[PDB]
Each structure stands twice: as structure tokens, then as C-alpha cells.
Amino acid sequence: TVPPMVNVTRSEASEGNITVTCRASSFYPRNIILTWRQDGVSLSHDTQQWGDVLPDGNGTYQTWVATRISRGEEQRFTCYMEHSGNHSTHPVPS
């Protein structure tokens, strides 16, 4: 068992908004939960885009999840990751 390296990135900056992508990589086994949350509440499926849970080529796997937010609301959003018992919550950089 290998825990993922979670990493949040900010992209597509315009009109006071940004796209925030939560990457989870280098993990095993394949099964994982990854979702953006606003105030600890999981976002709708139709407000997020998911990367497929696919192999690295080193025996481990990677996935991602992204959503659009407003600048000034970063503290309000978190990426929740759960994987083989353990779980964690990751902030948006500002």
C-alpha cells in the first residue's frame, strides 16, 4: 500500500475566477475518493470535472478533480482525499 501525493494547482485565471485542480498521484491500490468541498460539503458531480484513475507506469496510479471558484473564496474550498482507510483534506493555495 502506497499513499498518494496530493497537490492543488491554480489555472485559467480570468474575470476574478480561477480553476483549481486537485491532483492525486503515486498511489496504490487503485481505489480512491477525491472531491472538492465547499464548507466541508461535497460539490455536485455537474460542477466538477474528473481525471480517470489510470496507471503511472511505475505500478502506482493517479487521478484528479477540478472546479471553478472566485478569487476571495479560496479558504471556503477544500479537496477531500480518501484512500485505503486513511483520509485527508487539502487547502487551496492563494
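In this text, residue numbers run from 1 along the sequence as written.
Student: Can you work out whether the C-alpha temperature factor of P55 puts it in the lowest, middle or highest third of the chain?
Tutor: Middle third, going by the recorded CA B-factors of the chain.
Student: Name the third of the chain's ranked CA B-factors that contains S14, choosing lowest, middle or highest.
Tutor: For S14, whose C-alpha B-factor we compare with every modelled residue in the chain, the answer is the highest third.
Student: Would you mind checking where the Cα B-factor of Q62 ranks among the modelled residues of its chain, as the lowest, middle or highest third?
Tutor: Ranked within chain, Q62 CA B lands in the lowest tercile.
Student: Please place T21 in the lowest, middle or highest third of its chain according to the CA B-factor in the PDB entry.
Tutor: For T21, whose C-alpha B-factor we compare with every modelled residue in the chain, the answer is the lowest third.
Student: Comparing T78 with the other modelled residues of its chain, is its CA B-factor in the lowest, middle or highest third?
Tutor: According to the entry, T78 has a C-alpha B-factor in the chain's lowest third.
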